[PDB]
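FYI, the numbering just counts along the sequence from 1. Atoms within a ligand are numbered from 1 in the order they appear, just like the ligands themselves. When reading the values below, keep in mind they use all heavy atoms of this one structure, side chains included, and skip hydrogens, waters and symmetry mates.
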Amino acid sequence: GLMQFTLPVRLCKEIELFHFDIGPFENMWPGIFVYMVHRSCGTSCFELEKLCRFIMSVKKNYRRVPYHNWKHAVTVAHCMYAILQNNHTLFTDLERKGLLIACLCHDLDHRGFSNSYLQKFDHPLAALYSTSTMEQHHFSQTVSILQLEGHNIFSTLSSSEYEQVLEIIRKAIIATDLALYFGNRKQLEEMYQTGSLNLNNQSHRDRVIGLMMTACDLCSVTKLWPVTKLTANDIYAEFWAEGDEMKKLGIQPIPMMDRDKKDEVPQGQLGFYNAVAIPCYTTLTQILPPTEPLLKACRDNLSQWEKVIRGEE
Ligand SMILES: O=C(N[C@@H]1CCN(c2ccccn2)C1)c1nc(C2CC2)ccc1Nc1cncnc1
Ligand SMILES: [Mg+2]
Ligand SMILES: [Zn+2]
């Protein structure tokens, strides 16, 4: 109860900003995450003995892959923290609780491969879940860690409060399947443009929480350029691994995943910002106007990729 986590001044101040980078020191991330649960939720939401043991089980079930790692888990949890703070009153007490856990858990036990490479490889997880293959695996993995003796952070919730929170988490986690982002955003654009959009409509919140999860999941494009540029290296380390695996199944992989086609990266970043990132954050600022900074940073990084092509860095 009477324990606070207190970060250093620079972190204390930088963490409130959308663009915050959680730094290269693995052994502070668990504390940065608690810091965010207490400031976002209450020093009450969870018992610190339970939360810590949940965090270190979650850390342990991420894998040492180039991008879909523990670092990303917590990066994506901080973007949700930033969204939750600058929209204090739009979100229920349960939703703040669920969504930060959601974010921390959203890529649990990823192996560095797309839902696509699972199906072409005929991995068992592709027989168990026909679509959002990894994302259903990640939710399953979260339900599993919550059920370890001593790990149920949600134990001090009514039967009903409990079922709501695992259902927020479930949908949140499914929504980080980029294949369900496209339809979800078209609907939300249409719903705020035609004015029908209703945040008391539970099914409409669902869509809005889904957008946030794509926004938080993609939040690596919203960072300062050096951060975004060095994160891009890690993201293509996985994509190119996957490409090599595709090639060993005797399948020419898409250019995104072909390490021969490095030359095509800047133009591939271009389409990705235009086709996915700008629309994501555009729609998200339209619906939660204090999220504007993510659109402005994303815009800025687009311009930085425009400069790489023009042959100026
Ligand atoms: O970059 C992404 N996609 C584009 C799509 C065409 N493309 C090409 C195409 C040809 C050659 C080279 N690249 C690359 C991208 N994709 C995803 C999921 C969709 C899997 C998540 C993040 C991404 N970006 C990113 C992440 N973290 C920091 N910075 C950026
Ligand atoms: Mg994922
Ligand atoms: Zn992710």
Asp177 and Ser132: side chain to side chain donor-acceptor pair (under 3.5 Å), yes or no, with the steps? CA-CA 6 Å; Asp177 184 0; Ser132 311; 2.5 Å; yes
Between the side chains of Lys71 and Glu26, is the shortest nitrogen-to-carboxylate-oxygen separation below 4.0 Å, so that they form an ion pair? no
Does ligand 1 have an atom under 4.0 Å from some heavy atom of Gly271? no
Among all protein heavy atoms, pick out the one at the shortest distance from atom 5 (C) of ligand 1; state its residue, atom name and that distance to 0.1 Å. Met256 CE, 3.2 Å
heavy-atom search around atom 22 (C) of ligand 1 in the protein gives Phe272 CZ, 3.9 Å
Indicate whether the side chain of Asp300 and that of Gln304 have a donor and an acceptor atom separated by less than 3.5 Å. no
Subset of ligand 1 atoms that lie under 4.0 Å from at least one heavy atom of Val265: 12 (C)
Got the closest protein heavy atom to atom 27 (N) of ligand 1, with its distance? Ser220 CB, 3.6 Å
Under 3.5 Å side-chain donor-acceptor pair for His138 and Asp109: no
Do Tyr162 and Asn152 meet the criterion of a side-chain donor-acceptor pair at a distance under 3.5 Å? yes
Which of the numbered atoms in ligand 1 are below 4.0 angstrom from a heavy atom of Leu178? 18 (C), 19 (C)
Give the atom name of whichever N/O/S atom in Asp107 sits closest to the Zn ion (ligand 3). OD2
Atom 20 (C) of ligand 1: which protein heavy atom is closest, and how many Å away? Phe239 CZ, 3.5 Å
Checking side-chain polar atoms at under 3.5 Å, does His110 have a donor or acceptor matched by the opposite partner on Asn69? no
Nearest 0.5 angstrom please: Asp244 CG to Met257 CE, how far? 11.5 Å
Atom 8 (C) of ligand 1 has as its nearest protein heavy atom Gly268 CA, 3.4 Å
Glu135 N/O/S atom closer than 2.8 Å to the Mg ion (ligand 2): no
Before signing off on this row, confirm whether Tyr236 and ligand 1 have an N or O atom pair separated by under 3.5 Å. yes
Quick check against the 3.5 Å criterion: does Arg207 have a side-chain atom that pairs as donor or acceptor with the backbone of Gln187? no
Would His78 and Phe20 count as a ring pair (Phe, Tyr, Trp, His ring centres under 6.0 Å) here? Give the steps. CA-CA 8 Å; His78 159 279; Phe20 180 54; 5.1 Å; yes
Looking only at N, O or S atoms, find the one in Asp107 nearest to the Mg ion (ligand 2) and name it. OD1
Testing the 3.5 Å rule here: is there a donor-acceptor pair between the side chains of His151 and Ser57? yes
Specify whether an N/O/S atom of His72 falls short of 2.8 Å from the Zn ion (ligand 3). yes
Closer than 2.8 Å to the Zn ion (ligand 3): does that hold for any N, O or S atom in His110? no
Hey, are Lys120 and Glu245 close enough for a salt bridge, meaning a charged N less than 4.0 Å from a carboxylate O? no
In terms of side-chain heavy atoms, does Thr283 have a donor or acceptor partner in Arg185 at a distance below 3.5 Å? yes
Side chain or backbone of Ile254 under 4.0 Å from ligand 1, or both, or neither, by non-hydrogen atoms? neither
For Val221, the ligand 1 atoms whose distance to one of its heavy atoms is below 4.0 Å: 29 (N), 30 (C)
Please name the atom of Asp217, restricted to N, O or S, that is closest to the Zn ion (ligand 3). OD1
With respect to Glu264, determine whether any N or O atom, backbone or side chain, lies less than 3.5 Å from an N or O atom of ligand 1. no
With backbone taken as N, CA, C and O and side chain as the heavy atoms from C-beta onward, which portion of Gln269 lies under 4.0 Å from ligand 1: side chain, backbone, both, or neither? side chain
